[PDB]
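Student: Experimental coordinates for this protein are included below, preceded by the sequence.
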Amino acid sequence: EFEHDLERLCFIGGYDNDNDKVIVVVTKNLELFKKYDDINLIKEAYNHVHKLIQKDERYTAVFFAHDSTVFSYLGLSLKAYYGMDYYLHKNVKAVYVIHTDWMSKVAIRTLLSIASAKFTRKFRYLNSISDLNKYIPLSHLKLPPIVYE
Amino acid sequence: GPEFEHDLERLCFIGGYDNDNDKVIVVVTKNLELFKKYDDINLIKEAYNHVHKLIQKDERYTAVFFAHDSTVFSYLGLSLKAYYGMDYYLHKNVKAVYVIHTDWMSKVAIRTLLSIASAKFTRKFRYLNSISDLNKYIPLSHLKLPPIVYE
Amino acid sequence: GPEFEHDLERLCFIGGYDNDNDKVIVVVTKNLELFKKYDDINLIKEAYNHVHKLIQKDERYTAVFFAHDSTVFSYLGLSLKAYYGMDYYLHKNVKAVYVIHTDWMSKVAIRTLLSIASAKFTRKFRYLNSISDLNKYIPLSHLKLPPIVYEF
Amino acid sequence: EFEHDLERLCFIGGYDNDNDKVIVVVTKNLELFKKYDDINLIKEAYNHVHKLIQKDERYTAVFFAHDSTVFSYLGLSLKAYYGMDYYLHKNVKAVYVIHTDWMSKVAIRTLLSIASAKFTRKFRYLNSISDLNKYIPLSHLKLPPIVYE
């Protein structure tokens, strides 16, 4: 029975401290489904998550990305998570990706950081060293001569 | 070898401290050309490692990027791409970051738009290194976890 | 001046043809070095101008990015970024885009994620240069247009 | 009055051949509000547009971006368009942005080209020049000697 394989790829692991669902997906386990022939997978996957999250439920998603990357399993899991109906995106408290390779780590942090308004507000674009003196005193910094020419 | 770690310090270093006495780490972008002379090294990985020891896991700090003349490019482009894929704590804990470029608008017009179009969905995500880091956000006692987070 | 136009052709040129005799336009990325010598200029706008003369509107072609080098940069990210902000017809009409680089994944890992997370809404957009170009898609006779698209 | 300064920024300019609305936004016309004070502008705007597109209704949207960049007017009109309830994004058939400055044109084309799956499908990452031979024959190419060291 493959409905069991499909239950070790994605399952309800717990219920956090607010009593809302915490659904786990273990991306590396997308390899069990290679053994089947003439399957869809993403429709099987989509109707299964629909069985684990009904409409109106606020939940948390957690992706265990051990032994997968943006170019293999974690790529498709996340692409597939993005293709979900909007209510799944509206109703998540947070998505967690845990432990992937170095590439994908810095791929993810870049995407998240482009999206972090809290952070992109912190930038301040000045035209020369002179205009910095107002915020950080130039008498407080040892700098090479390159920054002065 | 050691010449490499010294070129790292000419690229990124603590220049001084502000009032409230916190680090002001500068990156003299330009100085990335010092690395063109090298054989095989993942520069960006070694550079992330250097910053990680310049600023420890909780201390508010300031960052400033110098890149005055245009050229091809000022490599300011690549320095902020690197800074954007850095650890999360380095973004939450930074007080302000100053770029000195003049022609900045042409650079960061693309990144301003990608930020505009960033979905509301993708602002919910957070990357974590080990599964222990997921505690504090969700207590792992509430959870059955797959056998791979165990030996 | 003329030296600048020559460094442009050393960077991006027509390389050859395939079948039915469609241009293969090579860009050797390591050749962005030639422009560090210069002062002033918007290199990115000059290169966009140069490609426009190398490939006319509706005409299929193949692109090849040569970046086998290493150190600070292969120049492949900077010239792929430049390629992504080119007019839509250059992307519709390219047959294939061969990027010759060893360590390529570590660069395009970031763009693969941004494409994954790109919304379906964003995919509905299109930039047009002039109000005239909109006629193709929605007929302008059907519409009241604000006086601003006019010059009474 | 002020409700009389919105129809000049957003109107149902007409209908396409398939008999669905087309909504014009003229991003420039957005300083007719610096003269008001108190006015929140963003919520009045959302209310106005909600009165031109009914919930179940497919439409087009065109942005006349004459005299605006990603750093003014056009940037806020798009940040605002992105802030809208999901049905406005599900329901558009297309979004046209017309005639902005060179920066923004390049910024817009870049975002769309990351989005465009048909485009990014066309890349093939070969490891060295030798592998290019199976696709484009090197008999056919004038190349500098650099591509061969």
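Tutor: Perfect, thanks for sending it. Numbering: from 1, shown residues only, chains lettered A, B, ... in the order given.

Student: Only C-alpha atoms from now on, for both contacts and neighbour counts.
Tutor: Will do.

Student: And residue A:82, how far from chain B?
Tutor: As for residue A:82, its distance to chain B is 9 Å (criterion: CA to the nearest CA, to the nearest Å).

Student: Ignoring the adjacent residues along the chain, who's closest to that residue?
Tutor: When the adjacent residues along the chain are set aside, residue A:82 lies closest to residue C:117, with 6.6 Å between them (CA to CA, 6 or more residues apart in numbering or on different chains).

Student: ok, now which ones touch the one you found?
Tutor: By CA atoms under 8 Å, 6 or more residues apart in numbering or on different chains, the contact list for residue C:117 reads A:79, A:82, B:122.

Student: one more time with 10 Å, if that's ok
Tutor: For residue C:117, the contacting residues are A:78-79, A:81-83, A:111, B:118-119, B:121-122, C:111, D:114-115, by CA atoms under 10 Å, 6 or more residues apart in numbering or on different chains.

Student: Just send those back as TSV, with secondary structure too.
Tutor: As requested, these are arranged in TSV below (DSSP: H, G, I helix; E, B strand; the rest coil):
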residue	secondary structure
A:78	helix
A:79	helix
A:81	helix
A:82	helix
A:83	coil
A:111	helix
B:118	coil
B:119	coil
B:121	helix
B:122	helix
C:111	helix
D:114	helix
D:115	helix
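
Student: Just the closest residue of chain A to chain C, please.
Tutor: Nearest to chain C in chain A, going by CA to the nearest CA, is residue A:107, at a distance of 4.4 Å.

Student: pull the CA atoms of stretch A:130-140 into CSV?
Tutor: Output of stretch A:130-140 as CSV, limited to C-alpha atoms (Å, rounded to 0.1, in the frame of the first residue of the first chain):
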residue,chain,number,x,y,z
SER,A,130,31.2,63.1,3.4
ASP,A,131,27.5,62.4,3.8
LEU,A,132,28.2,59.5,6.2
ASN,A,133,29.7,61.9,8.8
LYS,A,134,26.2,62.9,9.9
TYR,A,135,25.3,59.4,11.2
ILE,A,136,28.6,57.6,12.0
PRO,A,137,31.4,60.1,12.8
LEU,A,138,34.4,59.6,10.4
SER,A,139,36.7,60.4,13.3
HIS,A,140,35.6,57.1,14.8
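
Student: now it: how far from the chain's centre is it?
Tutor: Taking the mean of its C-alpha atoms, stretch A:130-140 sits 38 Å from the chain's own mean (CA atoms, centre = their mean, to the nearest Å).

Student: likewise stretch A:134-142?
Tutor: 38 Å.

Student: Quick check, central residue of chain A?
Tutor: Central residue check for chain A by CA atoms, centre = their mean: the C-alpha nearest the mean position is that of residue A:97, 5.0 Å away.

Student: Quick check: bridge partners of that one?
Tutor: Residue A:97 has these beta-bridge partners by DSSP bridges: residue A:63, residue B:127.

Student: what's the spacing between it and chain D?
Tutor: Between residue A:97 and chain D the distance is 22 Å, computed by CA to the nearest CA.

Student: Next: residue A:29.
Tutor: From residue A:29 over to chain D the distance is 26 Å, taken as CA to the nearest CA.

Student: now residue A:110
Tutor: 15 Å.

Student: and what of residue A:71?
Tutor: Relative to chain D, residue A:71 is positioned 13 Å away (criterion: CA to the nearest CA).

Student: repeat for residue A:39
Tutor: Here the criterion is CA to the nearest CA. By it, residue A:39 lies 23 Å from chain D.

Student: go on, residue A:34?
Tutor: Relative to chain D, residue A:34 is positioned 23 Å away (CA to the nearest CA).

Student: what do you get for residue A:92?
Tutor: Separation of residue A:92 from chain D (CA to the nearest CA) stands at 15 Å.

Student: do residue A:148 as well
Tutor: Counting by CA to the nearest CA, the separation of residue A:148 from chain D is 29 Å.

Student: same thing with residue A:65?
Tutor: Going from residue A:65 to chain D by CA to the nearest CA gives 24 Å.

Student: Need phi/psi at that residue.
Tutor: Recorded main-chain torsions at residue A:65 are phi -100, psi 20, according to degrees, to the nearest 10.

Student: Over to residue A:135?
Tutor: Main-chain dihedrals, residue A:135, degrees, to the nearest 10: phi -100, psi -50.
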